[PDB]
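This document opens with one chain alone, in structure tokens, the form deposited in one PDB entry.
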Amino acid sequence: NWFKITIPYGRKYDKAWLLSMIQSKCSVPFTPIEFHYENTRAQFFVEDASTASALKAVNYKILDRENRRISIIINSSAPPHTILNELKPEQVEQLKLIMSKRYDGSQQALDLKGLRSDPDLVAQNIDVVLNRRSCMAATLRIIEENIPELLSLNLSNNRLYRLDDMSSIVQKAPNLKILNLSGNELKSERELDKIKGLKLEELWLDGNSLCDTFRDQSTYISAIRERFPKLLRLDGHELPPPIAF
């Protein structure tokens, strides 16, 4: 359990460098949690006591380029919010449950639209934010272990700001053919390369501001087709068939 690592004056250094210096001289590999500036300080968190003292050790073993020393200060602390937000096993358990109600057997279709507001989640004080990586991970895992044959996924209206955390879906739900991502915050068509592995037939993107980066439907259509060459329907419209040969 957790430790806050304060680096005085840390503001003035390159995150990647500073962490490199530190990591180099550190007899343990560490992953900094919630690295953030705060006045002049840089600040981050680390998981355990072994890693924390190891970080303390680097104290006289590192110098900035102005030949001044860089101090690593350590203090036990509460787990960081991003860690406290992760779902507990019991909560995942109820999550599986709710997904099942939202699952149509005759169509192998999972409906996660506006998931955060599900009354059964609200009733059990389960906050499910699919933009959060731990959330997206637990959802996909549940899909990998209970319904890898998933055919149709609905993720509309979930304030998705990106798809980075979805990339492993290509492997988790390999036969996915239908995907609704409308009503989200996807900024650009490049979010699609993260999941371009999917052999989609149907896809919805409307409501995402990425759509407005096109001067016509034709370009918009071809842009999607680069990632999904067999795409048949888009935003509930039947597309012209793929150019022959």
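Only residues modelled in both forms are compared. Note that residue numbering follows the sequence shown and begins at 1. Take the two forms, superpose them, and find the largest set of C-alpha atoms that agree within 1.5 Å; that set is the rigid core.
There is another form of the same protein, the form deposited in another entry; it is not shown, and what comes next is about it.
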### Query
Looking at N175, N75, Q171, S100, which has a Cα shift of 2 angstroms or more between this form and the one not shown when the rigid core is held fixed?
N75
### Task
Tell me, please, whether between this form and the one not shown the C-alpha of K12 is shifted by 2 Å or more, with the rigid core used for superposition.
yes
### Message
Taking the rigid core as the reference frame, tell me whether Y220 has a CA displacement of 2 angstroms or more between this form and the one not shown.
### Response
no
### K194: Cα shift of 2 Å or greater between this form and the one not shown (core-aligned)
no
### Task
Please say whether the CA atoms of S77 and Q91 come closer or move farther apart in the other form, knowing the change relative to this form is 3 Å or more.
closer
### Task
Send over the list of consecutive residue runs, 3+ long, where the C-alpha shift is 2 angstroms or more at every position between this form and the one not shown on a core fit.
1 to 82
